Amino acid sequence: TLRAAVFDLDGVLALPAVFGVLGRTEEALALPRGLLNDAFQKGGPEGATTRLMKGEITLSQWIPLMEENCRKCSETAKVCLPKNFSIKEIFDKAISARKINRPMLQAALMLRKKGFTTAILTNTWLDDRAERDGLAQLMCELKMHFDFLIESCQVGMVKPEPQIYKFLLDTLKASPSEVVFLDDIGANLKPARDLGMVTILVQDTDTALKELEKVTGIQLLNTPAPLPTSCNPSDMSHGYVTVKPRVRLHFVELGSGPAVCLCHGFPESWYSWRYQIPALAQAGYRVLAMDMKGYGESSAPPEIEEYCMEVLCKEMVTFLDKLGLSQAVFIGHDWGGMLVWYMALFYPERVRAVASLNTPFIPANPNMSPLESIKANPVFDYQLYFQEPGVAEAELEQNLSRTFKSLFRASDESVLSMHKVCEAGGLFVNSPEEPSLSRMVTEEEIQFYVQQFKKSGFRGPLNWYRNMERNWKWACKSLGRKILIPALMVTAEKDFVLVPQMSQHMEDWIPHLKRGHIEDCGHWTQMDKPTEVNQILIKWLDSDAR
């Protein structure tokens, strides 16, 4: 009974295989067959290539010894190498052309999901080329999905020597019979066979995957589209910045490139962005996923005025100052989406680009009390229930598990009756005591919000809705302005409070505005449609954020 799957890198998890480049090079240059491919394996175990694969030497030291072996090989064949034949150029292009074999990674992912221990075992080199970063990036993207990465150059052993196989088994803490082993090279596959490991010769991925599901009994081919990579909180870099004597802001940080600040809504977490964080970092961005003031590991002062937009925006500017960031692209959802529009209106020099999910930009009406405006919309009745301090806190803090289970549900799992809320006496009055688990979330993810909300509760989060007058007065100062920085508005078809039609007049104030629209998406956008959220944001970030 199998419990481990092992994959080769070249020709297995990564395609096209770098090896197959000496063959294509011979064919393109009209050189004798296997001329380059054997100058490559010149001297077998004592040759330049074996020393490279054991980590005796680096790739840069290796380039000229391979060139030498290419000279000698041409001599014997009686042929001549071009004019500006370059081993370095051949290898740079081949390493650069090699991409992840996505269906192979998906199968490894699925096996690890179904309890398997997964590992990459590869014959590789110590890359010191000026362009080594491209490969380093690929190895970082691949490795995160596996329990182990065994590189020949780092262990001083090499396939097909049998000690690397015994090394592999020892690191797996398993007998050869509990192990599937995939390799595109028959000779490297043989010692694993000889030990009794289940082996697959990988030519085409499809056939290799049919063999893999046959042997594991796990469906890997024709599988439904998987969810994007999520975040495990204990594996993240956690950041803390004091913005004022009593306020510290917590954030999760991943990737390099332009700073992208993620601003969650009510009553959320940095964790509401779990499906966006690895995707945005992978797309070449430095992700800063905030725990907004009043939430998680961020400070939660009791005062109502501490949560008015003016102070929240000012603390976000200090946050950038303290981090030494002249700018960040601000991406908000719900209350975060509202903050994000104000950051663009009051601090455009600090915002590279602005994006909102569900929350539209609507200028304040100077001829109407914000309380009158909230009363004019029946779906906004919950906002009035939130006004009186302690009331919503008592209902929301009574059973945290029930709270998040009742809130965090897709548009087809409706448990709430957002109508006549203060009259009904609360949000969960017609709601079950033990709500079923939504398909959007696991029980584990619910317990994370439960644990996060145990520190400060709902007072600070609810205080975000308790500054309607202060926010209105402050917003009225921006009524002559327009948003002329790059901006994205993403609507969710099934958000029944922040309806897509609420965003219809936005180009009157944001003429260069770009849009996104998600169908069959409720209020909890990020976890409802993670795949399309990422697709819309990455595409917008690459076109308008730089």
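Take the two forms, find the largest set of C-alpha atoms that superpose within 1.5 Å, and that set is the rigid core. Residue numbers here begin at 1 and follow the sequence given.
Colleague: Root mean square C-alpha distance from this form after a core fit in 9 other deposited structures of this protein: higher for 407-415 or for 227-235?
Modeller: Farther on average in 9 other deposited structures of this protein: 407-415.
Colleague: Core-aligned, which moves more in 9 other deposited structures of this protein: 316-324 or 421-429, by CA RMS?
Modeller: More C-alpha displacement in 9 other deposited structures of this protein shows up in 421-429.
Colleague: Averaged over C-alpha atoms, is the B-factor higher for 175-183 or for 339-347 in this PDB entry?
Modeller: Taking the mean C-alpha B-factor of 175-183 and of 339-347, the larger value falls to 175-183.
Colleague: Taking the recorded C-alpha temperature factors, which stretch has the higher mean, 159-167 or 279-287?
Modeller: Here the higher of the two C-alpha B-factor means belongs to 159-167.
Colleague: At the C-alpha atoms, which of 44, 516, 55, 486 reaches the highest B-factor in this entry?
Modeller: Spelled out: the listed residue with the top C-alpha B-factor is 44.
Colleague: Quick one: which of 268, 423, 128, 310 has the biggest Cα B-factor according to the entry?
Modeller: Within the set 268, 423, 128, 310, 423 shows the top C-alpha B-factor.
Colleague: Going by what the PDB entry lists, where does residue 541 fall on CA B-factor within its chain: lowest, middle or highest third?
Modeller: Lowest third.
Colleague: Compared with the other modelled residues in the chain, in which third is the CA B-factor of residue 499?
Modeller: Middle third, going by the recorded CA B-factors of the chain.
Colleague: By the record's CA B-factor, is residue 35 among the lowest, middle or highest third of residues in the chain?
Modeller: Highest third of the chain for residue 35's C-alpha B-factor.
Colleague: Using only modelled residues of the chain, where does the Cα B factor of residue 428 rank: lowest third, middle third or highest third?
Modeller: CA B-factor rank for residue 428: highest third.
Colleague: Residue 11's Cα B-factor: lowest, middle or highest third of the chain?
Modeller: According to the entry, residue 11 has a C-alpha B-factor in the chain's middle third.
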